[PDB]
>>> print(open('query-v1.cif').read())   # mmCIF, C-alpha atoms and all ligand atoms
data_start
loop_
_atom_site.label_atom_id
_atom_site.label_comp_id
_atom_site.auth_asym_id
_atom_site.auth_seq_id
_atom_site.Cartn_x
_atom_site.Cartn_y
_atom_site.Cartn_z
CA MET A 1 56.43 25.42 9.36
CA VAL A 2 54.20 22.74 7.81
CA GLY A 3 53.33 23.38 4.18
CA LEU A 4 51.07 21.51 1.78
CA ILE A 5 52.03 21.25 -1.89
CA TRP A 6 49.81 19.85 -4.65
CA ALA A 7 48.65 20.26 -8.23
CA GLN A 8 44.93 20.16 -8.94
CA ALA A 9 42.64 20.30 -11.92
CA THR A 10 40.27 23.25 -11.92
CA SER A 11 37.66 20.87 -10.44
CA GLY A 12 39.79 20.04 -7.39
CA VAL A 13 40.82 16.55 -8.58
CA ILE A 14 44.40 15.71 -7.56
CA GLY A 15 44.50 11.93 -8.11
CA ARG A 16 42.70 9.17 -9.98
CA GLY A 17 43.24 5.41 -9.95
CA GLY A 18 46.22 5.80 -7.64
CA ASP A 19 48.13 8.15 -9.95
CA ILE A 20 47.77 11.57 -11.59
CA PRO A 21 46.05 12.21 -14.94
CA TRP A 22 48.61 14.81 -16.11
CA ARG A 23 52.32 15.56 -15.88
CA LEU A 24 53.75 19.08 -16.11
CA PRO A 25 57.59 19.09 -16.09
CA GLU A 26 57.49 22.69 -14.88
CA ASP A 27 55.40 21.63 -11.88
CA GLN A 28 57.80 18.79 -11.11
CA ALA A 29 60.64 21.32 -11.15
CA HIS A 30 58.70 23.65 -8.85
CA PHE A 31 57.89 20.74 -6.54
CA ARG A 32 61.56 19.80 -6.38
CA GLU A 33 62.63 23.39 -5.69
CA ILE A 34 60.17 23.87 -2.84
CA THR A 35 60.70 20.52 -1.13
CA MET A 36 64.44 19.99 -1.65
CA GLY A 37 66.40 19.73 1.59
CA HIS A 38 63.26 19.53 3.78
CA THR A 39 61.05 16.85 5.31
CA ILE A 40 58.47 15.41 2.91
CA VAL A 41 55.51 13.53 4.39
CA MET A 42 53.30 11.39 2.17
CA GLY A 43 50.58 8.80 2.62
CA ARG A 44 51.43 5.17 1.94
CA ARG A 45 49.36 5.18 -1.26
CA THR A 46 51.43 8.09 -2.58
CA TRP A 47 54.65 6.27 -1.66
CA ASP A 48 53.39 3.25 -3.62
CA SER A 49 52.84 5.58 -6.60
CA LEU A 50 56.55 6.51 -6.75
CA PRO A 51 58.57 4.15 -8.98
CA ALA A 52 61.14 2.24 -6.99
CA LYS A 53 63.94 3.79 -9.04
CA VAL A 54 62.99 7.30 -7.90
CA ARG A 55 62.48 6.82 -4.14
CA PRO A 56 63.43 8.07 -1.68
CA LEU A 57 63.20 11.48 -3.31
CA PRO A 58 66.81 12.70 -3.06
CA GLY A 59 68.01 15.30 -0.59
CA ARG A 60 64.86 15.11 1.54
CA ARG A 61 63.79 13.29 4.69
CA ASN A 62 61.11 10.96 3.26
CA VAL A 63 58.38 10.05 5.76
CA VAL A 64 55.50 7.68 4.99
CA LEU A 65 52.28 7.56 7.03
CA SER A 66 50.74 4.10 7.38
CA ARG A 67 48.52 2.25 9.84
CA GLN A 68 50.56 -0.89 9.16
CA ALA A 69 53.07 -1.13 12.00
CA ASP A 70 55.46 -3.32 9.97
CA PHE A 71 55.12 -1.56 6.62
CA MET A 72 58.60 -1.20 5.11
CA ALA A 73 59.47 1.79 2.91
CA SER A 74 63.11 1.39 1.93
CA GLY A 75 64.70 4.81 2.20
CA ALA A 76 61.88 6.35 4.26
CA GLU A 77 60.64 6.49 7.81
CA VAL A 78 57.23 4.89 8.30
CA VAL A 79 55.17 6.47 11.09
CA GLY A 80 51.72 5.65 12.36
CA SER A 81 50.82 9.22 13.26
CA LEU A 82 51.39 12.46 11.38
CA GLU A 83 52.53 14.28 14.52
CA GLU A 84 55.64 12.07 14.72
CA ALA A 85 56.85 13.54 11.43
CA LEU A 86 56.75 17.25 12.34
CA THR A 87 60.16 17.67 14.02
CA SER A 88 62.10 19.51 11.30
CA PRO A 89 62.15 23.30 10.76
CA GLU A 90 60.34 22.98 7.40
CA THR A 91 57.97 20.12 6.61
CA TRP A 92 56.18 19.64 3.28
CA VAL A 93 53.14 17.38 3.05
CA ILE A 94 53.20 16.06 -0.50
CA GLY A 95 49.95 14.04 -0.56
CA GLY A 96 47.68 12.42 -1.20
CA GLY A 97 44.08 13.36 -0.51
CA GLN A 98 43.77 11.63 2.86
CA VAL A 99 47.03 13.00 4.23
CA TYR A 100 46.35 16.57 3.04
CA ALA A 101 43.11 16.51 5.04
CA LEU A 102 44.91 15.09 8.07
CA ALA A 103 47.68 17.71 7.84
CA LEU A 104 45.64 20.85 7.22
CA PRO A 105 45.26 21.81 10.93
CA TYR A 106 49.07 21.95 11.20
CA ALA A 107 49.56 23.86 7.96
CA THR A 108 50.36 27.52 7.37
CA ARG A 109 51.32 27.34 3.67
CA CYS A 110 49.71 25.76 0.64
CA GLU A 111 51.62 25.85 -2.66
CA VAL A 112 48.92 25.03 -5.22
CA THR A 113 49.44 24.44 -8.93
CA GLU A 114 46.15 24.84 -10.77
CA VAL A 115 46.15 22.91 -14.06
CA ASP A 116 43.74 24.18 -16.72
CA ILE A 117 42.32 20.75 -17.51
CA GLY A 118 38.59 20.12 -17.66
CA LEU A 119 38.39 17.05 -15.46
CA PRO A 120 35.03 16.45 -13.77
CA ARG A 121 35.27 14.82 -10.35
CA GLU A 122 34.51 11.11 -10.13
CA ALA A 123 33.99 8.64 -7.31
CA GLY A 124 37.32 7.42 -6.03
CA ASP A 125 39.16 10.60 -7.01
CA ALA A 126 41.56 12.14 -4.54
CA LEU A 127 40.75 15.80 -4.00
CA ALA A 128 42.48 18.94 -2.86
CA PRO A 129 41.59 19.93 0.70
CA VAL A 130 39.10 22.73 1.28
CA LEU A 131 40.71 25.99 2.45
CA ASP A 132 38.45 28.04 4.72
CA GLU A 133 38.46 31.79 5.42
CA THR A 134 41.63 31.81 7.54
CA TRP A 135 43.77 31.27 4.41
CA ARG A 136 45.05 34.24 2.39
CA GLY A 137 45.66 33.57 -1.30
CA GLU A 138 48.17 35.03 -3.75
CA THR A 139 47.65 34.27 -7.45
CA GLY A 140 50.31 33.91 -10.14
CA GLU A 141 49.85 34.53 -13.85
CA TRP A 142 48.68 31.81 -16.21
CA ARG A 143 51.62 30.00 -17.85
CA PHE A 144 51.86 27.51 -20.72
CA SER A 145 53.42 24.16 -19.86
CA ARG A 146 55.37 22.41 -22.59
CA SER A 147 52.85 19.59 -21.99
CA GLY A 148 50.27 21.86 -23.63
CA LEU A 149 48.21 22.66 -20.53
CA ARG A 150 48.08 26.07 -18.93
CA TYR A 151 48.85 26.33 -15.24
CA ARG A 152 49.24 28.92 -12.53
CA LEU A 153 50.59 28.88 -8.99
CA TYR A 154 48.62 29.93 -5.91
CA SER A 155 50.47 30.61 -2.66
CA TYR A 156 48.13 30.42 0.34
CA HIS A 157 49.37 31.56 3.74
CA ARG A 158 47.98 31.87 7.23
CA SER A 159 49.37 32.71 10.65
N1 LIG A 201 49.82 17.03 -6.42
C1 LIG A 201 49.09 15.93 -6.79
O1 LIG A 201 48.31 16.02 -7.76
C2 LIG A 201 49.30 14.74 -6.00
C3 LIG A 201 50.43 14.64 -5.02
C4 LIG A 201 50.44 13.33 -4.32
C5 LIG A 201 49.54 12.38 -4.57
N2 LIG A 201 48.54 12.53 -5.52
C6 LIG A 201 47.54 11.44 -5.78
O2 LIG A 201 46.76 11.23 -4.62
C7 LIG A 201 46.25 9.88 -4.67
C8 LIG A 201 46.52 9.18 -3.34
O3 LIG A 201 45.87 9.93 -2.35
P1 LIG A 201 45.04 8.90 -1.27
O4 LIG A 201 44.20 9.89 -0.55
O5 LIG A 201 44.34 7.89 -2.15
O6 LIG A 201 46.06 8.07 -0.36
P2 LIG A 201 47.22 8.87 0.53
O7 LIG A 201 46.68 10.05 1.28
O8 LIG A 201 48.36 8.98 -0.43
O9 LIG A 201 47.69 7.69 1.56
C9 LIG A 201 46.55 7.14 2.17
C10 LIG A 201 47.16 6.07 3.13
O10 LIG A 201 47.87 6.78 4.13
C11 LIG A 201 47.71 6.07 5.38
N3 LIG A 201 46.86 6.82 6.28
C12 LIG A 201 45.76 7.62 5.99
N4 LIG A 201 45.17 8.14 7.10
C13 LIG A 201 45.94 7.65 8.16
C14 LIG A 201 45.85 7.81 9.55
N5 LIG A 201 44.87 8.59 10.12
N6 LIG A 201 46.73 7.20 10.39
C15 LIG A 201 47.69 6.43 9.77
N7 LIG A 201 47.90 6.17 8.47
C16 LIG A 201 46.99 6.81 7.67
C17 LIG A 201 47.04 4.69 5.06
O11 LIG A 201 48.03 3.87 4.75
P3 LIG A 201 47.80 2.11 5.00
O12 LIG A 201 46.72 1.73 3.98
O13 LIG A 201 49.20 1.70 4.68
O14 LIG A 201 47.40 2.09 6.44
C18 LIG A 201 46.15 5.14 3.84
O15 LIG A 201 45.81 4.03 3.05
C19 LIG A 201 47.02 9.16 -5.83
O16 LIG A 201 46.20 9.23 -6.95
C20 LIG A 201 48.22 10.07 -6.00
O17 LIG A 201 48.77 10.01 -7.30
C21 LIG A 201 48.43 13.72 -6.22
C1 LIG A 202 53.21 16.40 -9.08
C2 LIG A 202 54.11 17.58 -8.73
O1 LIG A 202 55.43 17.20 -8.44
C3 LIG A 202 55.81 15.86 -8.66
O2 LIG A 202 56.31 15.56 -9.69
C4 LIG A 202 55.64 14.79 -7.59
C5 LIG A 202 56.72 14.12 -6.97
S1 LIG A 202 56.16 13.07 -5.91
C6 LIG A 202 54.58 13.32 -6.10
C7 LIG A 202 53.50 12.57 -5.33
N1 LIG A 202 54.35 14.30 -7.05
CO CO A 203 63.42 25.32 0.82
#
>>> encode(input="query-v1.cif", output="structure tokens")
Amino acid sequence: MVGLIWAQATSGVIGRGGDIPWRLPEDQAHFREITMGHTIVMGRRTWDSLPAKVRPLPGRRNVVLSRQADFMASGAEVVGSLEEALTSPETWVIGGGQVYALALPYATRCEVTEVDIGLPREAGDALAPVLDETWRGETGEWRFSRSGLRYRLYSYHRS
């Protein structure tokens, strides 16, 4: 099973300037619950976005995708191809925009947090991948984050 997990603004923006223009503690908790114990695969830019004190994310096989053959990610595996990373029973692709697009053909689950923030797309933004007709969606109720933004969870599945 390869799953994708991300939070997006209602516009589809997931990243800006190399980071994220929001932070919902509830979404962090959900992210931790879904990924804990499993493989997590991220692009090198997303690895760079993690503070050194926090990586590798604990209790998970951290894998970083890079074209640089000698890129060092202390506490992670660095691979040059996404296929190399898909050997565990449950693999979560945790971003960013480029790696979501690369991983979508392998994916059968998308855990999507929609953040009710009015954030028009801009050049350079990282975006959520486009889900075509093969994906079946299940929608959660709107919730209030203690950060003051509403959010809801979508669970997309396909065979
Ligand atoms: N849920 C969220 O909202 C969420 C979650 C994660 C990240 N983000 C955001 O997403 C943004 C980063 O996304 P990104 O799209 O800019 O970068 P990315 O997908 O995080 O990583 C891109 C890098 O991955 C490597 N890569 C990409 N395609 C490759 C390929 N075909 N073969 C080998 N290596 C490849 C390259 O590394 P080298 O340059 O080392 O070759 C490339 O520079 C940040 O803003 C981050 O905060 C958001
Ligand atoms: C944003 C939802 O969950 C997170 O806190 C998180 C950990 S690592 C990463 C790229 N995002
Ligand atoms: Co699990």
>>> residues_near_ligand(input="query-v1.cif", ligand="ligand CO 203 (chain A)", cutoff="6 Å", atoms="only C-alpha atoms and all ligand atoms", output="list in words")
residues 34, 35 and 36 of chain A
>>> residues_near_ligand(input="query-v1.cif", ligand="ligand LIG 201 (chain A)", cutoff="9 Å", atoms="only C-alpha atoms and all ligand atoms", output="PyMOL selection string")
chain A and resi 5-9+13-22+31+42-50+64-69+71+79-82+93-102+112-113+124-128
>>> axis_aligned_box(input="query-v1.cif", around="stretch 48-53 of chain A", padding_each_side="3 Å", output="lines of an AutoDock Vina configuration file")
center_x = 58.4
center_y = 4.4
center_z = -6.3
size_x = 17.1
size_y = 10.3
size_z = 11.4
>>> atom_distance(input="query-v1.cif", atom1="atom CA of residue A:11", atom2="atom CA of residue A:117")
8.5 Å
>>> residues_near_point(input="query-v1.cif", point="(51.8, 31.9, -9.7)", cutoff="7 Å", atoms="all atoms listed in the file", output="ChimeraX atom specification")
/A:139-141,152-154
>>> atom_distance(input="query-v1.cif", atom1="atom CA of residue A:27", atom2="atom CA of residue A:155")
13.8 Å
>>> closest_residue(input="query-v1.cif", among="A:24, A:123, A:2, A:76", to="ligand LIG 202 (chain A)", atoms="only C-alpha atoms and all ligand atoms")
A:24
>>> decode(input="query-v1.cif", residues="stretch 61-99 of chain A", atoms="N, CA and C atoms", output="PDB file, in the first residue's frame")
ATOM      1  N   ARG A  61      10.605   4.692   9.051  1.00  0.00           N
ATOM      2  CA  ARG A  61      11.696   4.592   8.080  1.00  0.00           C
ATOM      3  C   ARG A  61      11.667   5.836   7.196  1.00  0.00           C
ATOM      4  N   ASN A  62      12.604   6.769   7.415  1.00  0.00           N
ATOM      5  CA  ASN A  62      12.646   8.014   6.647  1.00  0.00           C
ATOM      6  C   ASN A  62      13.431   7.776   5.369  1.00  0.00           C
ATOM      7  N   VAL A  63      12.839   8.112   4.227  1.00  0.00           N
ATOM      8  CA  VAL A  63      13.473   7.939   2.923  1.00  0.00           C
ATOM      9  C   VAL A  63      13.402   9.266   2.189  1.00  0.00           C
ATOM     10  N   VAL A  64      14.524   9.696   1.617  1.00  0.00           N
ATOM     11  CA  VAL A  64      14.608  10.981   0.932  1.00  0.00           C
ATOM     12  C   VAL A  64      14.990  10.745  -0.526  1.00  0.00           C
ATOM     13  N   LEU A  65      14.224  11.339  -1.440  1.00  0.00           N
ATOM     14  CA  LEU A  65      14.434  11.175  -2.874  1.00  0.00           C
ATOM     15  C   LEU A  65      15.245  12.360  -3.379  1.00  0.00           C
ATOM     16  N   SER A  66      16.391  12.077  -3.997  1.00  0.00           N
ATOM     17  CA  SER A  66      17.280  13.120  -4.494  1.00  0.00           C
ATOM     18  C   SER A  66      17.993  12.609  -5.732  1.00  0.00           C
ATOM     19  N   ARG A  67      18.250  13.520  -6.682  1.00  0.00           N
ATOM     20  CA  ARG A  67      19.090  13.185  -7.830  1.00  0.00           C
ATOM     21  C   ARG A  67      20.573  13.267  -7.499  1.00  0.00           C
ATOM     22  N   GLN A  68      20.923  13.774  -6.321  1.00  0.00           N
ATOM     23  CA  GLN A  68      22.320  13.907  -5.937  1.00  0.00           C
ATOM     24  C   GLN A  68      22.792  12.589  -5.335  1.00  0.00           C
ATOM     25  N   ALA A  69      23.711  11.909  -6.025  1.00  0.00           N
ATOM     26  CA  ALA A  69      24.089  10.566  -5.598  1.00  0.00           C
ATOM     27  C   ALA A  69      24.788  10.561  -4.247  1.00  0.00           C
ATOM     28  N   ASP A  70      25.447  11.657  -3.869  1.00  0.00           N
ATOM     29  CA  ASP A  70      26.137  11.732  -2.587  1.00  0.00           C
ATOM     30  C   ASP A  70      25.442  12.669  -1.600  1.00  0.00           C
ATOM     31  N   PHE A  71      24.152  12.933  -1.789  1.00  0.00           N
ATOM     32  CA  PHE A  71      23.424  13.706  -0.795  1.00  0.00           C
ATOM     33  C   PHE A  71      23.289  12.902   0.489  1.00  0.00           C
ATOM     34  N   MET A  72      23.652  13.518   1.611  1.00  0.00           N
ATOM     35  CA  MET A  72      23.598  12.876   2.915  1.00  0.00           C
ATOM     36  C   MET A  72      22.411  13.409   3.704  1.00  0.00           C
ATOM     37  N   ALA A  73      21.594  12.498   4.223  1.00  0.00           N
ATOM     38  CA  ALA A  73      20.455  12.856   5.064  1.00  0.00           C
ATOM     39  C   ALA A  73      20.589  12.008   6.319  1.00  0.00           C
ATOM     40  N   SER A  74      21.211  12.588   7.342  1.00  0.00           N
ATOM     41  CA  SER A  74      21.525  11.856   8.562  1.00  0.00           C
ATOM     42  C   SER A  74      20.252  11.361   9.221  1.00  0.00           C
ATOM     43  N   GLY A  75      20.135  10.044   9.350  1.00  0.00           N
ATOM     44  CA  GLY A  75      18.926   9.435   9.854  1.00  0.00           C
ATOM     45  C   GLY A  75      17.945   8.967   8.802  1.00  0.00           C
ATOM     46  N   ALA A  76      18.218   9.212   7.520  1.00  0.00           N
ATOM     47  CA  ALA A  76      17.363   8.736   6.449  1.00  0.00           C
ATOM     48  C   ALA A  76      18.179   7.922   5.453  1.00  0.00           C
ATOM     49  N   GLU A  77      17.459   7.168   4.625  1.00  0.00           N
ATOM     50  CA  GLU A  77      17.967   6.662   3.356  1.00  0.00           C
ATOM     51  C   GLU A  77      17.775   7.731   2.296  1.00  0.00           C
ATOM     52  N   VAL A  78      18.772   7.897   1.435  1.00  0.00           N
ATOM     53  CA  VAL A  78      18.634   8.725   0.243  1.00  0.00           C
ATOM     54  C   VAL A  78      18.633   7.792  -0.959  1.00  0.00           C
ATOM     55  N   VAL A  79      17.597   7.896  -1.789  1.00  0.00           N
ATOM     56  CA  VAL A  79      17.455   7.064  -2.978  1.00  0.00           C
ATOM     57  C   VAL A  79      17.319   7.976  -4.188  1.00  0.00           C
ATOM     58  N   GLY A  80      17.697   7.451  -5.349  1.00  0.00           N
ATOM     59  CA  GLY A  80      17.634   8.243  -6.558  1.00  0.00           C
ATOM     60  C   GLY A  80      16.386   7.960  -7.362  1.00  0.00           C
ATOM     61  N   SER A  81      15.644   6.935  -6.961  1.00  0.00           N
ATOM     62  CA  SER A  81      14.404   6.585  -7.631  1.00  0.00           C
ATOM     63  C   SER A  81      13.357   6.214  -6.597  1.00  0.00           C
ATOM     64  N   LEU A  82      12.113   6.619  -6.860  1.00  0.00           N
ATOM     65  CA  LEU A  82      11.035   6.385  -5.905  1.00  0.00           C
ATOM     66  C   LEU A  82      10.733   4.901  -5.745  1.00  0.00           C
ATOM     67  N   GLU A  83      10.952   4.111  -6.798  1.00  0.00           N
ATOM     68  CA  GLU A  83      10.636   2.689  -6.741  1.00  0.00           C
ATOM     69  C   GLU A  83      11.445   1.988  -5.660  1.00  0.00           C
ATOM     70  N   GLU A  84      12.708   2.392  -5.488  1.00  0.00           N
ATOM     71  CA  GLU A  84      13.573   1.817  -4.458  1.00  0.00           C
ATOM     72  C   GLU A  84      12.948   1.862  -3.072  1.00  0.00           C
ATOM     73  N   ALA A  85      12.070   2.824  -2.820  1.00  0.00           N
ATOM     74  CA  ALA A  85      11.578   3.056  -1.472  1.00  0.00           C
ATOM     75  C   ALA A  85      10.358   2.216  -1.113  1.00  0.00           C
ATOM     76  N   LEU A  86       9.777   1.488  -2.065  1.00  0.00           N
ATOM     77  CA  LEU A  86       8.441   0.915  -1.903  1.00  0.00           C
ATOM     78  C   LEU A  86       8.462  -0.535  -1.443  1.00  0.00           C
ATOM     79  N   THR A  87       9.331  -0.895  -0.505  1.00  0.00           N
ATOM     80  CA  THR A  87       9.503  -2.290  -0.124  1.00  0.00           C
ATOM     81  C   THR A  87       8.786  -2.673   1.165  1.00  0.00           C
ATOM     82  N   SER A  88       8.193  -1.725   1.867  1.00  0.00           N
ATOM     83  CA  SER A  88       7.542  -2.007   3.136  1.00  0.00           C
ATOM     84  C   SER A  88       6.050  -2.225   2.931  1.00  0.00           C
ATOM     85  N   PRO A  89       5.380  -2.919   3.859  1.00  0.00           N
ATOM     86  CA  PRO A  89       3.937  -3.166   3.688  1.00  0.00           C
ATOM     87  C   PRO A  89       3.090  -1.907   3.569  1.00  0.00           C
ATOM     88  N   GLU A  90       3.483  -0.813   4.216  1.00  0.00           N
ATOM     89  CA  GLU A  90       2.714   0.426   4.194  1.00  0.00           C
ATOM     90  C   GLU A  90       3.692   1.571   4.007  1.00  0.00           C
ATOM     91  N   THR A  91       3.545   2.313   2.914  1.00  0.00           N
ATOM     92  CA  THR A  91       4.433   3.419   2.601  1.00  0.00           C
ATOM     93  C   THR A  91       3.605   4.690   2.485  1.00  0.00           C
ATOM     94  N   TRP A  92       4.028   5.744   3.183  1.00  0.00           N
ATOM     95  CA  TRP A  92       3.369   7.039   3.092  1.00  0.00           C
ATOM     96  C   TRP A  92       4.290   8.045   2.420  1.00  0.00           C
ATOM     97  N   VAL A  93       3.807   8.654   1.343  1.00  0.00           N
ATOM     98  CA  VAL A  93       4.521   9.720   0.656  1.00  0.00           C
ATOM     99  C   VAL A  93       4.072  11.020   1.305  1.00  0.00           C
ATOM    100  N   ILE A  94       5.015  11.757   1.884  1.00  0.00           N
ATOM    101  CA  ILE A  94       4.665  12.886   2.733  1.00  0.00           C
ATOM    102  C   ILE A  94       5.032  14.218   2.094  1.00  0.00           C
ATOM    103  N   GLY A  95       5.397  14.220   0.803  1.00  0.00           N
ATOM    104  CA  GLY A  95       5.593  15.450   0.035  1.00  0.00           C
ATOM    105  C   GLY A  95       6.986  15.637  -0.544  1.00  0.00           C
ATOM    106  N   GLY A  96       7.225  16.725  -1.272  1.00  0.00           N
ATOM    107  CA  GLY A  96       6.246  17.769  -1.492  1.00  0.00           C
ATOM    108  C   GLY A  96       5.588  17.634  -2.847  1.00  0.00           C
ATOM    109  N   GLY A  97       5.367  18.769  -3.520  1.00  0.00           N
ATOM    110  CA  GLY A  97       4.602  18.756  -4.761  1.00  0.00           C
ATOM    111  C   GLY A  97       5.181  17.831  -5.814  1.00  0.00           C
ATOM    112  N   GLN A  98       6.499  17.906  -6.030  1.00  0.00           N
ATOM    113  CA  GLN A  98       7.113  17.085  -7.078  1.00  0.00           C
ATOM    114  C   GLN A  98       6.964  15.607  -6.766  1.00  0.00           C
ATOM    115  N   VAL A  99       7.186  15.223  -5.508  1.00  0.00           N
ATOM    116  CA  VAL A  99       7.179  13.801  -5.192  1.00  0.00           C
ATOM    117  C   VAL A  99       5.753  13.249  -5.149  1.00  0.00           C
TER     118      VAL A  99
END
